[PDB]
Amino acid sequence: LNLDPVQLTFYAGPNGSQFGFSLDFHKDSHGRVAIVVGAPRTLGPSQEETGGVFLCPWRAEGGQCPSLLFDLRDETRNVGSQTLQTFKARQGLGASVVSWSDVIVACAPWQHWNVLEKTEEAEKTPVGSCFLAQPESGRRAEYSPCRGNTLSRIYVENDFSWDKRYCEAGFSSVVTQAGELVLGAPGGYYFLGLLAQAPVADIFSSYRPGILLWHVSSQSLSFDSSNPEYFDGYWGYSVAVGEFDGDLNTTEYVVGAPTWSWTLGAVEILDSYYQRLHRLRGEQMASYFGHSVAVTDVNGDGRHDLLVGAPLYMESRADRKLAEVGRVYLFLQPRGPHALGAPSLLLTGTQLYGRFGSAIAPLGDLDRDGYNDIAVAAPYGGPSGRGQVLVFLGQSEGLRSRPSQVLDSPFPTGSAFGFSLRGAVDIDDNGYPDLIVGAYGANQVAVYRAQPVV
């Protein structure tokens, strides 16, 4: 409703760097808000893509941002009559970014890994990896829970049980208020998907450079399965956290699995022990139901609600014809211990191939009426196909069926305006929560400032 579409702020990274592929707000130890920006194809030292991260100080004029530096050198360790190897080329550092406290977590889902023992090997595979930084102090740490030292032959004998070689950890990421990092790894367990959790504090305290393979005892990983319903389900393609069991001491996980059950798709709610509390099945195969998930209480009852995006949903139209437009589902949490029922509201895109629902950002309470609101991206929507971000306001009965405001992309075609979103943070300290929108195709980020309601 009251985002300002006239005076935007533009940040920009290097050409081709995909600057803005991922972003988040970051607050330093003094509460000063900045913007962490992921640029997963930024060039490294060897003039090869390795990805990069940028920490953008707030400025109404925007402009260039300083780098948040990470080690981009490939590593090798000869230990235990084996040879450990990391490969950072095309690893895609900044394919996801998230801030918690005064710490930044930037991941490279496609960082590769291999272990050599004489003539045998573990195989060179994308275990993924996350880099952690405390910008003020300069502290650095890493977390790569899927790295193993088991040789290829062994996995074959045991029929590829507990095979974490293609995890792509960090593909998605989130951090609980308590400071537990939760990584989505859609390729875990031979492409079933897994989740890796570990306290940020313990990551830092247990990490030392050069070790490459080390234990994080307080970590917790999800489980493998022989149920074919999970096969090629990419469980962890997206991830979020919230309160869904009524016990405020426990933190529940929300996991997207957009190809679950032969591409039906699913989203599951779990306790911190990865035990399943609910499952939402997709409505239409190949819609990618679970591509994006969002948790926020939209109807002001203090119970977290669930939004799910299916960006490839094909709406039914006259003459038995289907039209790919994308869809968003709203699930309101019922009072007390009860299952999430059917969706309370269906929001469906309008522009063909628009991919409405590709991203869903809680905005907090934008217009300050007591109800939290959301923004939905259609990265190729709008009459021009350039992209659109639509705002839907909370209300007592859920969300409004029509948007209160539409943001047309200011960038050229192919920018992917809206592919990444982040809201619910007041960056200019004016008392209204603001929205940052990534457009990695244009290597830029747009900042929309909320203003008093007119």
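From 1 onward, residues are counted along the sequence shown.
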Entry B factor averaged over C-alpha atoms, 302 to 310 against 205 to 213: higher for 205 to 213
Entry B factor averaged over C-alpha atoms, 112 to 120 against 228 to 236: higher for 112 to 120
Determine which member of 328, 375, 79, 378 has the highest CA B-factor, using the values in the deposited entry.
79
Report the option among 415, 405, 420, 29 whose CA atom has the maximum B-factor in the deposited record.
29
Residue 430: CA temperature factor from the record, placed by chain third, in the middle
For the chain shown, is the CA B-factor of residue 155 in the lowest, middle or highest third of its modelled residues?
highest
Within-chain third of residue 37 by Cα B-factor, per the entry:
lowest
Chain thirds by Cα B factor, record data; residue 175 belongs to the middle
Ranked C-alpha temperature factor of residue 246 among modelled chain residues, by third
highest
